[PDB]
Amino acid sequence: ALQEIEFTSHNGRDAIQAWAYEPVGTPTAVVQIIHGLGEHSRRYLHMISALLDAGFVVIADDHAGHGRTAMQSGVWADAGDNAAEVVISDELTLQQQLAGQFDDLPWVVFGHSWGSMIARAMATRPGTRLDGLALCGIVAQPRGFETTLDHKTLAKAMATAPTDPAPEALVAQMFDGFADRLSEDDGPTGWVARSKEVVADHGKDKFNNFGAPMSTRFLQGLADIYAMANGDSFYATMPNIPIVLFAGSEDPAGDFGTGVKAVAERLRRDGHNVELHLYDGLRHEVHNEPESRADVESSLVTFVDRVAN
C-alpha cells in the first residue's frame, strides 16, 4: 500500500513531498528514513523494500531544498530562514501524518549524514515519537565543523546577504577533512563511497541535483544542527532507548571512525546501550556500498525487531 503525503513546510514556502509505504499483512513497526544533504528519500528504494519484506511501515520525505520538494518548488539547497528549526519541525510534522493509523507500533528513526544530525536534534525535543534510534554516516568531530569553520565570518555573511550563495571559503571550511584520504583517481566526491559506481550514480541522479549551491542561511543551518546534534544537551537528554550506529572507517563525516567512536563512548559513559557497526575500508554511504549494504539492512531489521518498545 502506498500513500502520498504533502504538507506545507514550517518555512511556509515548500510543499514537502512525502510517502508512506505499508507492507502486506499486519506491520509490527514504523521506520522513518531521514535523508542527508544533496540526496532524496526515493534513493532508499533497496532499503525501503527490505524494511517492507520485514513487515515495517516506512515513512520518508524529501527535505526543504531537496529531491522532489526542490523539483516542485524550484528552490534547491535552501530551506528558508532558521533552516535547522524548519527541517526538525518538518520531520515531526511527517510523524503526525500517520496519527491514528499506527499509534500502537514502535517508531524507529533512521537518519543519514544531515539526516543523522536532524535525528539527533529530534531525539532531544519533547513529543518526538522515538522508541529506537539508527544513525548512518554520523557527523561527529570532522576538522571542518570542529575547528576550520570560521563562525565570525559566517555570522557577518548572515548579517549582509543571508539569501545569497554561501561564500566559497565557508563551504570549503565546513567540509574541511572530507578529501583527506582521497587520491586524484577518487574525484572531489570520492568520500561518498569506495564504489565508483555509487559515486557516478550519486552525480547523475537528477533528484540529487549535485553541484547545487547552498545559501548562507542554509550553511548556518548546517552549523546550528551540527551544534545541536553534538552538544551537551544531546548527550544529557538522549532518552534511554536502543541506539544503533552505522559508519565506514574511511568516512570523513565521523572523522574516519574516531568521531563516531567518541559519540558511542560518550553515550555509553552516560548509561546508554549503543550498537556500533564500523565497516573497515568503506566510506560515507555504507547503506549503498555493495560489500556493506546487506549487513546494514539486515542489522537495521534485527535492531527494529528488538527496538520494538
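Start at 1 with the first residue shown and count on from there.
Of the two segments examined, 207 to 215 and 193 to 201, it is 207 to 215 that shows the higher average Cα temperature factor in the deposited entry. Here 183 to 191 and 78 to 86 are compared by their mean Cα B-factor, and 183 to 191 comes out higher. Per the deposited coordinates, the residue with the largest Cα temperature factor out of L133, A236, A155, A227 is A155.
Highest C-alpha temperature factor among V139, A166, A223, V109, as the PDB entry reports it: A166. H63: CA B factor in the lowest third of modelled residues in this chain (values from the PDB entry).
The entry lists a Cα temperature factor for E297 that places it in the lowest third of the chain's modelled residues. The deposited CA B-factor of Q72 belongs to the highest third of values across its chain. Ranked against the other modelled residues of its chain, the C-alpha B-factor of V24 as given in the entry falls in the highest third.
In this PDB entry, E291 carries a Cα temperature factor that places it within the highest third of its chain's modelled residues.
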